[PDB]
Amino acid sequence: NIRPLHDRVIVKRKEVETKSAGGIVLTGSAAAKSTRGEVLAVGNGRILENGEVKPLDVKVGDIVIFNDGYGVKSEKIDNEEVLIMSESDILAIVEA
Amino acid sequence: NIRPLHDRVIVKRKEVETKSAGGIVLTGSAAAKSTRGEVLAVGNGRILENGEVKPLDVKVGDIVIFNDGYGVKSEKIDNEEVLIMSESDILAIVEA
Amino acid sequence: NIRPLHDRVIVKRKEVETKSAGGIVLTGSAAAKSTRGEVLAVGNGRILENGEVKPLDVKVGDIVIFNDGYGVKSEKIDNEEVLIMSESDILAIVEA
Amino acid sequence: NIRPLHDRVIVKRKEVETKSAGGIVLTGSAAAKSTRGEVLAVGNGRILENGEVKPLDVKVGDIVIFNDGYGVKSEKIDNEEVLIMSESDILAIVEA
Amino acid sequence: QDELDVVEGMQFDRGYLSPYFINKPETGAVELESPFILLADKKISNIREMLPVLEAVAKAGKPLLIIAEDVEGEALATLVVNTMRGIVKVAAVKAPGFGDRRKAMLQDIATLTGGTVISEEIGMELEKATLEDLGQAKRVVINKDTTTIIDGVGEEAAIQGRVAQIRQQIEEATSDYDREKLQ
């Protein structure tokens with residue numbers, strides 16, 4: 001098990017889209033890495049300057065749209081790829 | 001449904017202007033991407049350093065003028081293009 | 001003995017993986033430096049702007065996944081290599 | 001006598017290691033500048049935004065491991081070399 | 001005296017990419033018995049792309065021969081170490097021919113050995129290659145200059161069809177050097 005620290009979140013990246021809306025298969029650069037992923041683990045929460053801890057708005061097991069960048073790190077757990085990134089990198093959460 | 005986090009806002013970009021004031025059709029670089037868009041979804045609000053949450057001044061369904069940049073991300077929902085950007089990127093709101 | 005200051009942490013880097021999942025031996029750039037390490041020493045805690053001291057969430061003797069960068073420094077104690085890095089550089093802690 | 005200001009610390013750099021573990025003599029770039037040094041003088045303490053003064057965790061006469069950089073300045077007192085650097089530049093303190 | 005040297009089956013003038021691959025030091029030639037055949041149409045420099053194929057080959061236990069555009073750097077090094085460690089008896093050779101003609105020989109070897117060529121244009125990558133993707137042959141002999149594949153395990157009908165296609169191209173060919181190359 002992996003427990004992220006502070007506001008960091010462990011997210012498993014969704015599979016790359018291999019097909020278009022009408023059935024066109026995308027390959028190479030056409031099938032870019034997905035920016036959405038389900039949340040695998042949520043940290044305790046971001047620590048504020050007053051010493052308190054605020055729980056993250058992301059829960060465990062929800063699909064979130066995040067932003068890839070220098071703040072996102074790649075890791076291998078149970079020989080599967082996961083991403084560790086701050087809660088600020090997550091733009092939104094997919095509902096329904 | 002997409003729920004933005006903190007001060008992020010989901011906005012659908014308005015259509016590019018294909019005509020001028022007097023009927024001149026603009027094509028290519030002349031018809032640049034519109035900086036105005038209707039708000040599709042509003043986040044809970046920006047989190048301050050004291051732990052409180054302040055609701056965003058942008059509401060759902062109003063036309064806002066925003067600034068394109070690195071802080072604005074592009075996403076595809078219901079195979080239509082939307083933009084996720086912080087409330088600071090929105091310069092103003094179009095009224096009437 | 002080495003006592004880190006404020007939020008700094010002394011961590012011994014784990015050994016480089018010399019084998020793959022099914023027995024393939026990795027050499028050179030294939031066997032990159034491990035981003036996980038056991039915590040050797042924990043500082044007193046990060047000092048906040050109000051003067052208080054908040055103990056670090058990392059304990060002594062746990063495996064943590066951290067990020068290599070300019071904020072991480074290399075040192076030699078008991079002619080063995082250790083890394084001094086801030087608690088923010090540690091993405092997560094490996095449990096079980 | 002030299003009295004550092006705020007969180008600055010006056011440290012005398014330790015001598016460069018001229019020998020290896022088993023007796024191999026290092027010369028030139030092999031014998032790099034030591035990152036450890038004994039503390040010669042401790043400032044009053046870092047001033048916080050509220051006006052208070054917090055005493056530094058480094059004491060006078062202890063061996064500390066610090067980081068060389070732009071924040072560290074070189075000075076000559078009693079025609080001997082010393083370094084003035086902020087308490088943040090000191091990674092750790094060597095004990096026993 | 002006039003000598004006659006006859007080489008049967010497939011043999012292309014491409015030696016091993018490393019002298020350390022030699023299984024038989026007394027002859028200086030890699031000898032692989034019933035090995036898998038990995039045909040890559042792209043230059044290989046890292047082991048990440050080829051890793052799952054190596055895991056599958058090691059699980060199978062049969063040797064491997066990689067006909068590639070070029071193997072060098074880290075990938076060659078780790079193949080060498082794995083060859084001595086005995087986990088996988090693997091040899092790597094350069095793909096014969098040059099642009100617009102090397103692909104033809106690669107497809108010929110794939111048809112002979114019943115395998116598939118890995119390339120960006122065909123659609124799949126080296127990471128997703130499986131055992132069924134790899135070709136099969138009864139024997140493989142690599143020397144310093146030439147590599148010979150003896151009794152490739154491929155469908156006879158496919159081989160005859162590819163031969164007929166090459167004959168059709170020969171009939172369409174308008175150059176003596178080119179027609180001799182396809183011959």
Side-chain angles (χ1 to χ4, degrees), chain A residues 27-28, chain E residues 1-7 9-18 21 29-32 35-45 49-50 53 64-73 75-76 91-126 129 132-183:
Chain A
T27 43
Chain E
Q1 308 303 120
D2 284 18
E3 303 309 281
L4 173 60
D5 305 302
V6 175
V7 165
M10 171 100 48
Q11 165 166 326
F12 45 93
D13 43 7
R14 289 293 196 190
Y16 41 67
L17 280 153
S18 171
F21 284 143
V30 202
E31 205 134 336
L32 309 173
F36 287 101
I37 297 294
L38 165 59
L39 306 135
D41 205 13
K42 62 171 299 294
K43 173 164 337 184
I44 298 168
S45 40
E49 53 269 58
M50 200 180 358
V53 197
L64 178 69
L65 163 72
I66 304 148
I67 300 101
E69 202 138 45
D70 198 10
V71 182
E72 80 277 0
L76 215 164
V93 298
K94 204 174 299 309
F98 282 75
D100 294 359
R101 201 178 300 272
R102 174 215 317 280
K103 327 165 104 54
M105 275 144 233
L106 266 170
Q107 191 32 244
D108 295 358
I109 302 159
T111 301
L112 168 92
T113 48
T116 317
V117 190
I118 317 292
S119 185
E120 271 63 45
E121 320 168 359
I122 171 66
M124 71 294 216
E125 305 286 59
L126 194 42
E132 198 79 19
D133 198 313
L134 302 190
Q136 200 128 31
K138 283 198 197 57
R139 290 258 281 96
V140 159
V141 170
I142 304 115
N143 89 11
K144 184 261 145 203
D145 184 37
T146 70
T147 279
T148 320
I149 296 177
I150 319 162
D151 300 348
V153 189
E155 288 299 319
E156 216 73 51
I159 290 165
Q160 303 293 6
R162 158 140 301 250
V163 152
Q165 144 183 0
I166 291 151
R167 286 196 199 123
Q168 293 341 282
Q169 309 174 211
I170 282 164
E171 299 171 8
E172 294 150 17
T174 59
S175 167
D176 289 348
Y177 165 75
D178 300 348
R179 89 157 40 78
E180 195 28 50
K181 265 305 206 331
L182 304 70
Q183 249 306 306

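For the numbers below, each heavy atom of this structure counts, side chains included, while hydrogens, waters and symmetry mates do not. To find a chain, count down the sequence lines: A is the first, B the second, and so on, and within it residues start at 1.
Nearest heavy-atom pair, E:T113 versus E:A137, reported as atom, atom and distance to 0.1 Å: CG2-CB, 4.1 Å. Closest approach of E:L134 to E:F36, counting heavy atoms only: CD1-CB, 3.8 Å. Considering all non-hydrogen atoms of both residues, E:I118 and E:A129 come closest at CD1-CB, 4.2 Å. Contact between E:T146 and E:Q11 at its shortest, heavy atoms only, is OG1-NE2, 3.5 Å. Across every non-hydrogen atom of E:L64 and E:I37, the tightest pair is CD1-N, 4.3 Å. Here the closest non-hydrogen pair linking E:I159 and E:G154 is CD1-O, 4.3 Å.
With rounding to the nearest 0.5 angstrom, the CD atom of E:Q165 is 5.0 Å from the CD atom of E:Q169. From E:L106, atom CG reaches atom CZ of E:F12 across 8.5 Å, with rounding to the nearest 0.5 Å. Taken from CE in E:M50 to OG in E:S45, the straight-line distance is 9.0 Å, to the nearest 0.5 Å.
Other residues, nucleotides and ligands contribute more than 12 heavy atoms inside 6.0 Å of the CG atom of E:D145. More than 12 heavy atoms of other shown residues, nucleotides or ligands fall within 6.0 angstrom of atom CD1 in E:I170.
Between E:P96 and E:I67, the closest side-chain pair of non-hydrogen atoms falls below 4.5 Å. The closest side-chain heavy-atom distance from E:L182 to E:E172 is not below 4.5 Å. Looking at heavy atoms from C-beta onward, E:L38 lies in side-chain contact with E:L126 at the 4.5 angstrom threshold.
Using a 4.0 Å cut-off between charged nitrogen and carboxylate oxygen, E:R139 and E:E31 count as a salt-bridge pair. Under 4.0 Å is where a charged nitrogen must lie from a carboxylate oxygen, and between E:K42 and E:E120 no such pair does.
Here the side chain of E:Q183 pairs no donor or acceptor atom with the backbone of E:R179 at under 3.5 angstrom. A donor-acceptor pair under 3.5 Å links the side-chain atoms of E:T147 to the main chain of E:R14, judged by distance alone.
Qualifying salt bridge (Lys or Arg N to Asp or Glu O under 4.0 Å) partners for E:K103, counting only residues two or more places apart in sequence or in other chains: E:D41, E:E121. Residues forming a side chain to side chain donor-acceptor pair (under 3.5 Å) with E:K43 (at least two apart in sequence, or on another chain): none.
Evaluated for a side chain to side chain contact (heavy atoms under 4.5 Å, CB included) with E:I142, the options E:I149, E:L17, E:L32 yield exactly one hit, E:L32.
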- Step by step, would you call E:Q107 with E:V117 a side chain to side chain contact (heavy atoms under 4.5 Å, CB included)? CA-CA 7 Å; E:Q107 191 32 244; E:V117 190; 3.5 Å; yes
- Step by step, would you call E:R102 with E:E69 a side chain to side chain contact (heavy atoms under 4.5 Å, CB included)? CA-CA 8 Å; E:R102 174 215 317 280; E:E69 202 138 45; 2.6 Å; yes
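For the salt bridge (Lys or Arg N to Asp or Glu O under 4.0 Å) condition, the pairs that include at least one residue of residues 155-167 of chain E, sequence neighbours left out, are E:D108-E:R162.
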